[PDB]
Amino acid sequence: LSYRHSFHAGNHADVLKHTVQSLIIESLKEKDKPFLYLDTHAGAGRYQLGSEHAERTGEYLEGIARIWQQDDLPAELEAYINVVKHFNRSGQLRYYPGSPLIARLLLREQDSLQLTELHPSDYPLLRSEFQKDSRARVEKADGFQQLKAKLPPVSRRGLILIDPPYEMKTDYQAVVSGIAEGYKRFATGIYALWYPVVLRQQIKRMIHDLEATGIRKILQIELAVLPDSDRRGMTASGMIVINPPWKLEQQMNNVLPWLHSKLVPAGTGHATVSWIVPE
């Protein structure tokens, strides 16, 4: 099968999501003991950029394109950008890695991957990406159900990355319920949830519901390319991290101003790091 095309891959949201994922993975690697990378909605593995037609078009033009060849790239972005460069060795943007391939190139020999994807184009492509990589288990199954089935890991260490559908009200609720079930089984796991800002009120409710679980130690990192609106698509996105590694808050405070300056040259929107639930 041919690699999956995507119009959104490598956009400002992916830049934020993958900056955070890489920093968490690098922290987990500071202990020589094994850990698990669990991706509930793993997608195809990699995406072709630029569209199937002759013109080079896609949101990557306002995302990864604006940072990957900067000479003053912050040190916190090196691990991530080096993965992107690996899939684009000619020096032209043609492919963008999904979270599973970020994980594949950053994890060590002793670490494990557990990946789920239901889509009939994406799943077979994902399986092909991990042929003969025995560290990975790739299944065509419901993502949220893995938080019950696969936690806690035998290693008792891990990053759980949740990058779910947000198409209806029940989608936003499924996120909080799933996290609660995982946390019940694996309270010391690091949970990283990506969310879009299309309607702020849905996000407010989601965060309210998350606070209500009683879960502590919840960090929020958000980057907005525009001010909230009712009449745009996605104006912003963020990462909510439960049990963030010791350095993450500091690392993000260090890189967000640079990231926002490069991703949003007009200076609109905002970039924030704060705690939803302290402690």
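Numbering starts at 1 and follows the sequence shown.
In this crystal structure, the stretch out of 54 to 62 and 37 to 45 whose C-alpha atoms carry the higher mean B factor is 54 to 62.
When the C-alpha B-factors of 143 to 151 and 156 to 164 are averaged, 143 to 151 comes out higher.
You'll see in the entry that, of 93, 174, 77, 190, the Cα B factor peaks at 174. The deposited CA B-factor of residue 214 belongs to the highest third of values across its chain.
In the PDB entry, a CA B factor belonging to the highest third of its chain's modelled residues is recorded for residue 131. For residue 234, the recorded CA temperature factor ranks within the highest third of the chain's modelled residues.
Ranked by C-alpha B-factor against the other modelled residues of its chain, residue 23 falls in the lowest third. Sort the modelled residues of the chain by CA B factor and residue 222 lands in the lowest third.
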